[PDB]
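Here the protein sequences come in this chain order: B and A.
Using PDB author numbering, the first residue of the first sequence is number 1, and each one after it goes up by one.
Using PDB author numbering, the letters of the second sequence correspond one by one to residues 1 to 152, 160 to 270.
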Amino acid sequence: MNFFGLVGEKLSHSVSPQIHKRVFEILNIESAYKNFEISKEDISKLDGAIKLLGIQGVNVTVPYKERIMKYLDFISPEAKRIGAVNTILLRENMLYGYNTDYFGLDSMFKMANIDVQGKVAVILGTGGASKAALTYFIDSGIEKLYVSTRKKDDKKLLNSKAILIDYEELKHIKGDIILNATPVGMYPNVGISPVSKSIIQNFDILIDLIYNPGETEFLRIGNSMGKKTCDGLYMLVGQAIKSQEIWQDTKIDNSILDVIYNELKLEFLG
Amino acid sequence: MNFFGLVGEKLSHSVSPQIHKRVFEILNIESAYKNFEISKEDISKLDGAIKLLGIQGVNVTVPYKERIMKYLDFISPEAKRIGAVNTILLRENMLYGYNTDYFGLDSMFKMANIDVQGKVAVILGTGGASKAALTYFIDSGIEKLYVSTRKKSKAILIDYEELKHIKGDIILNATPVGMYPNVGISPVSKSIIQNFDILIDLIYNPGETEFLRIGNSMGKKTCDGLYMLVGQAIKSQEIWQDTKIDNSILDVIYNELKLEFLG
């Protein structure tokens, strides 16, 4: 038996433990995954506890994807590049950090048949997810990329090609894709969108990294205008599988993602 | 089209190119693999050249498995533990180091039905392979493990003189003695070989090594390095292609080569 889990501040909504349970079941693996809610004042204690108790791996979510890096022994090059970690592996009392965010986005975009080549996109928010999305969009030949934040202050982006804007300036931007990388639209207030209907009207494709069985207001507003929408579930399943590949150091059959995603997509709702 | 290859000092005896070619054929992949012979004074230039030319992956063999680690951007947990790299991946201008020796050994021992739990074993040599074998023996519950070197975890270090008095179950050759340079020479004498029940040689040259020839002349169980060499190749391809490869391909390729170099 090996133990794994998800580290974040508030996790009562998370579907990750269910996804990982399903992956272990399909692969006939003796392992278990639970939530590890940890307060901001306690995050410096995580690395010692993982090591002490032999927790083989953890995922990391908001708001710790950047702050956890200083506690790791080795950081994989893709995570260094992106500037955040969402997957940690314990081996020989050392912690290795990885980031499956770029991978999951690539996966989600291919599945949804969305080519970002020569397009205009806006990313909402500035966390680790936003950094991965920025990295993915730039590598994929995005023509114009904006990242929207509530207050610019002295924020700096990873690539000078990306344009930092606030939500006021966003009112006058028209583009192809708008991607939500903010924590807005999950478990508590599912009826609130990070952007108004007027801004949503200026885009053709909405991508929401959030997943909630009840559907986010962001995508609910997009669907009402006949816009192309995509939720975060496929990415969540792909990232779980990639994490599992890293933790076991073995590759998982390609067909498993679709099997798990389709079976889960029903369990929450028809 | 993507390019791959094998980095080592002397590679005339390599069958790795044939193995990889066959993997690409079976999987319908547009890629190619060749030998990259590199001198000791030039090995510091490899990382730059791989990056510059976009070489997606290389294997590394003797005598560079340890020395190359210092030039890479990331060392995987198993490469760090074993202490050697035999597989390098290029991704976004960064080099990642992996070790498939351990995996290949584990695969080989299971195929040959050699169980090491509670047994006595001697490893000849102190390189990266010795390290992979040492790691594998220890993890697999070996009772007593010796590592022999002419110039001298819980492994007991011994010289070839002390080896003369050691009786054991398994003797494994992790030295480069037996390949191309001098293919008619064994790292240990017939007198030492008689003291073990099973010989494992990591070296593979279509023509049986002198080490195993001597073992077979005495009715000892012998196992050459071919299965491990095929297994490592497929594990390297999984890493490079970032995709699962059906295990049936290992038996296909091994049996083609075994049947090729036997009859």
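Ideal placement from N, C-alpha and C gives every residue a C-beta, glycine not left out.
Find the residues of chain A that neighbour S76(B), judging by a C-beta separation of less than 7 Å, and give them in chain order.
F74, listed in chain order.
So, does the stretch 172-184 of chain A touch the stretch 206-226 of chain A, judging by three or more C-beta pairs under 8 Å?
yes
Select from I205(B), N35(B), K228(B), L209(B) the residue whose C-alpha is nearest the C-alpha of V237(B).
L209(B)
Tell me where the alpha helix (DSSP H) around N93(A) begins and ends.
Per DSSP, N93(A) belongs to no alpha helix (DSSP H) and is neither H nor E.
So who's on the other strand from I163(A), going by DSSP bridges?
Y146(A)
Taking all protein chains shown into account, do 16 or more other C-beta atoms lie within 10 angstroms of the C-beta of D115(A), making it buried, or fewer, making it exposed?
exposed
Taking the CB atoms as reference points, tell me whether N93(B) and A79(B) lie closer together than 8 Å.
no
Less than 8 Å between the beta carbons of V85(A) and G97(A), yes or no?
yes
Would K251(A) pass as an interface residue toward chain B - the criterion being a Cβ-Cβ separation below 8 Å?
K251(A) has a beta carbon lying within less than 8 Å of a beta carbon in chain B.
Which residue's Cα is closest to the Cα of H13(B): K265(B), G270(B), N212(B), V259(B)?
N212(B)
Answer with yes or no whether the minimum CB distance from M1(A) to chain B is below 8 Å.
no
Status (buried if at least 16 other CB within 10 Å, exposed otherwise) for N189(B):
exposed
Going by the CB atoms, is the gap between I82(B) and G128(B) shorter than 8 Å?
yes
Using a Cβ cut-off of 9 Å, pull out every chain A residue sitting near residue 291(B), in sequence order please.
Lying outside 1 to 270, the shown extent of chain B, residue 291(B) is not represented and no answer is given.
Neighbourhood of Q248(B) by C-beta distance below 8 Å, restricted to the same chain and skipping five residues each side:
Correct list, in chain order: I29.
Between the C-alpha atoms of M1(A) and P17(A), what's the straight-line distance to the nearest angstrom?
16 Å
Check the Cβ-Cβ distances between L27(B) and every residue of chain A, and say whether any is below 8 Å.
no
Taking C-beta pairs closer than 9 Å, name the residues in chain B that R81(A) reaches, listed in chain order.
When 9 Å is used as the limit between beta carbons, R81(A) is near these residues of chain B: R91, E92, in chain order.
What distance in whole Å lies between the Cβ atoms of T61(B) and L6(B), which are believed to be in contact at a cut-off of 8 Å?
Rounded to the nearest angstrom, the Cβ distance from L6(B) to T61(B) is 6 Å, consistent with a contact under 8 Å.
For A32(A), list the residues DSSP reports as bridge partners.
Its beta-bridge partners are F3(A).
Can you give me the Cβ contacts of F24(A) inside the same chain, cut-off strictly under 7 Å, excluding the 5 residues immediately before and after it?
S31
Establish whether the CB of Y96(B) and some CB of chain A are separated by less than 8 Å.
Judged by the 8 Å Cβ criterion, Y96(B) is in contact with chain A.
Proximity test, Cβ basis, 8 Å: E245(A) and chain B
Interface residue, yes.
Report the option in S39(A), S196(A), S140(A), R67(A) whose CA atom is closest to the CA atom of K119(A).
Cα-wise, what sits closest to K119(A) is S140(A).
May I have a chain-ordered list of the alpha helix (DSSP H) segments no shorter than 4 residues that lie completely inside the stretch 176-220 of chain B?
Counting only unbroken stretches of 4 or more residues, the alpha helix (DSSP H) elements lying wholly within the stretch 176-220 of chain B are 197-200, in sequence order.
How close, in whole Å, do the beta carbons of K251(B) and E263(A) come, if the pair is a contact with beta carbons under 8 Å?
The Cβ separation is near 23 Å, so there is no contact.
For the stretch 44-115 of chain A, which segments carrying the alpha helix (DSSP H) assignment without a break, of at least 4 residues, lie completely within its bounds, in sequence order?
46-53, 77-82, 101-111
Span separating the alpha-carbon of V259(A) from that of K265(A):
10 Å
What are the boundary residues of the alpha helix (DSSP H) that includes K228(A)?
First-last for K228(A): 228-230, but that is the beta strand (DSSP E), not the alpha helix (DSSP H).
For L11(B) and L95(B), I'd like the C-alpha separation in whole angstroms.
23 Å
Who are the near neighbours of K131(B) in its chain, counting only those whose CB is closer than 7 Å to its CB and skipping five residues on each side?
Only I82, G83, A84, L158 meet the Cβ criterion.
By Cβ distance below 8 Å, which residues in the same chain neighbour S198(A) in space, the five residues on each side in sequence not counted?
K171
Specify, as a first and last residue, the run of the beta strand (DSSP E) that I123(A) falls within.
120-124
Own chain, CB closer than 8 Å to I163(A), minus 5 neighbours either side, in chain order:
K144, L145, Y146, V147
Relative to the alpha-carbon of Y261(A), which residue among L53(A), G8(A), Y136(A), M111(A) has its alpha-carbon at the smallest distance?
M111(A)
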